[PDB]
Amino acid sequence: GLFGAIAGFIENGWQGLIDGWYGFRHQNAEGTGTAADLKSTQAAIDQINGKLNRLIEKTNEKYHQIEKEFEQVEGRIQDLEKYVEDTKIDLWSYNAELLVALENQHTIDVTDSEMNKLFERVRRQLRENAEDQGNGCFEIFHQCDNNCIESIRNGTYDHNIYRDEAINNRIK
């Protein structure tokens, strides 16, 4: 994907993450835990559902048309009827092949994108309190109990609270 996050700097996915598409996995003094991120999961799902609804809209309704199968050779008119139908089918098969390929390239980039937005959101919450470990993880340079972890996950984490502790730990 264009962002290099999924199948990228994130080494792989979590078969255990069964209640969301994206999430946090933390390690702290009390142990470890995984939780889903709702916003990022919902953004992805919405866009995918959005494009799914767009594709179904039933707009093809045809009654009397032209014959498409023949019991005897006729020459000129039949050649035309056959050619017209074959032209149409080729053009619709083409439209379909290009639609999917392009409806897949984009979707995979969108999902890669959303993974990246989550990462970047967290990057910005933590300020100078953390460092990017290169693998989708931040090292957090201060004690961070379960409440503090959830404060990162729910977006109420105030970096000013731990800034002195964390900067001291990084710089020395």
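When you see a residue number, it is the position in the sequence shown, counting from 1.
Colleague: Can you tell me whether 113 to 121 has a higher mean C-alpha B factor than 30 to 38 in this record, or the other way round?
Modeller: Looking at the record's C-alpha B-factors, the answer is 30 to 38.
Colleague: Comparing 140 to 148 with 58 to 66, where is the mean C-alpha B-factor higher?
Modeller: In the deposited entry, the stretch with the higher C-alpha B-factor mean is 58 to 66.
Colleague: Could you tell me which one of 71, 74, 85, 97 shows the highest CA temperature factor in the PDB record?
Modeller: Highest C-alpha B-factor among the listed residues goes to 71.
Colleague: Among the modelled residues of this chain, does the Cα B factor of residue 52 put it in the lowest, middle or highest third?
Modeller: Within its chain, residue 52 is a highest-third residue by C-alpha B-factor, going by the deposited values.
Colleague: Quick check on the deposited entry: does the C-alpha B-factor of residue 22 sit in the lowest, middle or highest third of its chain?
Modeller: As the PDB entry reports it, the C-alpha B-factor of residue 22 lands in the lowest third of its chain.
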